[PDB]
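Here the sequence shown stands for residues -5 to 399, where the numbers follow the deposited numbering.
Let me begin by presenting the structure, written as C-alpha cells, before commenting on it.
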Amino acid sequence: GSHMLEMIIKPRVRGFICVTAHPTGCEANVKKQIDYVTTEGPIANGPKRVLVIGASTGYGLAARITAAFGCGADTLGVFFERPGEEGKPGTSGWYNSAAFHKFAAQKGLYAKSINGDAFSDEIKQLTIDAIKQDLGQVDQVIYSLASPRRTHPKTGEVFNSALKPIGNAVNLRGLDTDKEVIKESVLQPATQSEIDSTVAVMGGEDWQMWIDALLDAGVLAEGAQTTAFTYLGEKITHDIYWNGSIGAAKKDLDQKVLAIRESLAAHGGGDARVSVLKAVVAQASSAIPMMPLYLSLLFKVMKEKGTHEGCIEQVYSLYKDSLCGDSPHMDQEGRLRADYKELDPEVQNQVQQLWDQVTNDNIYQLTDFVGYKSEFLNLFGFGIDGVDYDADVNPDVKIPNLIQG
Ligand SMILES: NC(=O)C1=CN([C@@H]2O[C@H](COP(=O)(O)OP(=O)(O)OC[C@H]3O[C@@H](n4cnc5c(N)ncnc54)[C@H](O)[C@@H]3O)[C@@H](O)[C@H]2O)C=CC1
C-alpha cells in the first residue's frame, strides 16, 4: 500500500509561516509563470548561460524562468531548500525547483541546481565546478538571496539581521494575519551591532565574494552582467527600508555595485546594477506585520488602476526593458527600476490615505486582504486552479541534477 507513503497535503500555518507545501500546486505555479513568459514572447539578445543565486522562490525563481523560457538560457540555480519525505512535505522552493527541472528538460534546456548555503565558500566552489564542467562560463549572475541570518565564511560568526529604525523608536501599524486585527507596535532603534549585523546579512559583501571567487576561477564571460534585487518602497515603510537597519544594508549595495560594475565593464563592456522591484507577497511577509497591511492596500489600489502584478511580470519586464532592452529605468544612483508603478504618486497618495482609515471593522471594505491571503497560500502551492487537493501525493519529489552541498 503506497497509501502509507502518500498523503493529502493541506496548509498548516504555525505562527505566521506555512510549514507545508503542495508539490502539484507548486508545479502548476511554475507552469503558470512559464506560460506567462512564452505568451508575452521571447526576449532577444539576452544571456544564454545564467547563474541565479536564490533561484527557488519569488523573484529569483522568476528570473530563472525568464532567463530560461524568455531568453532561452541554460540556467544554474543555487538555493537552500528542504526535500520532502514520507509524512513531511518539503519546502515550496524544493517543489518549485523540481517543476523547473521538469519543464526545462521538456524544452531541451539545461537545468542544474545546487542546494546549500550560498554564503559558504564550499557552495561557491561547487558552483564553479558545475560551470567549468557544463557551461564553461556564465554571462549573467542574478543575486536574489533573502535570509535572516548569515554564517560568515571566514570567521564562522553567525550574523542576524534586524528590522528596526535608526535614531528614534517608531510606531508602526500592521496587520496580524493570525488574529486578523489591525495592530500597532513600537520598534526600538537598532544598536550599532544590529546595524553591522544587518549590513553583513543583507548588504553586498557576499554578492561581491561571488564575483570575486568566480573571477579568480575564470568562469565569467566577456560583457558579463550581474544584478542584485532589492526593495526601496516609499514613505510608509521608509523608517525601516530607507533610514533603518535594512536601509543601512541597502546603502551597502549602491556602493558595491559600483566596484562590481568597474570590474565587468573592463571585461568586454559587462555591466552591474542594483535592480529595485515592487513589493510582493513572499514567504516571510506575514511575520513582518506592516507588510500584510501595506500589500493588502497596495493590491486593491493597483488593481483599480490595472497595474497589479507579481514576480514573473516584474522580472520579465526587467529583462525585456532594462537588462536586455533599450528603455532602461536608470535612477540617479545608477539603479535599474522596475517599481515605478508601485511608486506612482497617486497610488502612494491613495494607499497612504487608506493607511490612516483602515480599522478592524473595514479591513475587507478598504483593502484587498482577500487577495493577500490568496497570494500567500499560492506561494506554497495551495488554491491553484486545476489542482485536485483531495488526491493523495507522494511528498518525496526528486530532482535530477541536484547537487547537495
Ligand atoms: N519580497 C519583496 O517584496 C521584494 C523582494 N526583493 C528582493 O528579492 C530577492 C529575493 O527575496 P524574495 O523573493 O523576497 O523572497 P524569497 O524568500 O522567495 O527568496 C529567497 C531565496 O533565497 C534562497 N536562500 C536563502 N538563504 C539561502 C542560503 N543561505 N543559501 C542559499 N540560498 C538561500 C532561498 O532558497 C530562495 O531561493 C531579495 O534580494 C529581496 O531583497 C525586492 C523587492 C521586493
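Just so it is clear, CB atoms sit at the ideal spot from N, CA and C, and this is done for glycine as well.
- The C-alpha of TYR383 is placed about 43 Å away from the C-alpha of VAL164.
- Note on the segment 255 to 293: whole beta strand (DSSP E) runs with a minimum of 3 residues are 265 to 270, in chain order.
- Relative to ligand 1, even the nearest heavy atom lies 7 Å or more away from the CB of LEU360.
- In this structure the segment 43 to 57 touches the segment 136 to 143; the number of beta carbon pairs closer than 8 Å is three or more.
- Here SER321 is not near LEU330, since their CB atoms are 8 Å or more apart.
- Residue side-chain check: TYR53 places its Cβ nearer than 7 Å to a non-hydrogen atom of ligand 1.
- Between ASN237 and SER191, the CB-CB gap reaches or exceeds 8 Å.
- Taking the Cβ of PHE363 as the reference point, every heavy atom of ligand 1 lies at 7 Å or farther away.
- Bridge partners of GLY71 according to DSSP: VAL46, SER107.
- Residues of the same chain with a CB within less than 8 Å of the CB of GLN27, apart from the 5 flanking positions on each side, are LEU55, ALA56, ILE59, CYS305, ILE306 in chain order.
- By the 16-neighbour rule on beta-carbons within 10 angstroms, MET324 is exposed.
- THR192: member of the alpha helix (DSSP H) spanning 186 to 196, first to last residue.
- DSSP, reduced to helix, strand and coil, places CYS318 outside both helices and strands of the structure shown, so it counts as coil.
- One thing to note: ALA266 has its Cβ no nearer than 8 Å to the Cβ of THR224.
- Counting along the chain, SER311 sits inside the alpha helix (DSSP H) bounded by residues 305 to 311.
- Scanning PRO183, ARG255, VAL44, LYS335 for the CA closest to the CA of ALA67 turns up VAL44.
- Straight through space, the alpha carbons of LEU(-1) and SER269 are spaced by roughly 43 Å.
- The Cβ atoms of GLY264 and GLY217 sit closer than 8 Å to each other.
- Across the structure, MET296 and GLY81 are spaced so that their CA atoms are roughly 40 Å apart.
- With a cut-off of 7 Å, the C-beta of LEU169 is classified as distant from ligand 1, since no heavy atom of the ligand falls inside that distance.
- Distance from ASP128 to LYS42 at the Cβ level is roughly 13 Å; contact not present, criterion being Cβ atoms closer than 8 Å.
- Excluding five sequence positions before and after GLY19, the CB atoms of its chain that fall closer than 7 Å to its own CB belong to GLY375, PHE376, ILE378, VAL381, given in chain order.
- An exposed status is given to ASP115, since fewer than 16 other beta-carbon atoms sit within 10 Å of its beta-carbon.
- In the DSSP assignment, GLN347 falls within the alpha helix (DSSP H) that extends over 339 to 349.
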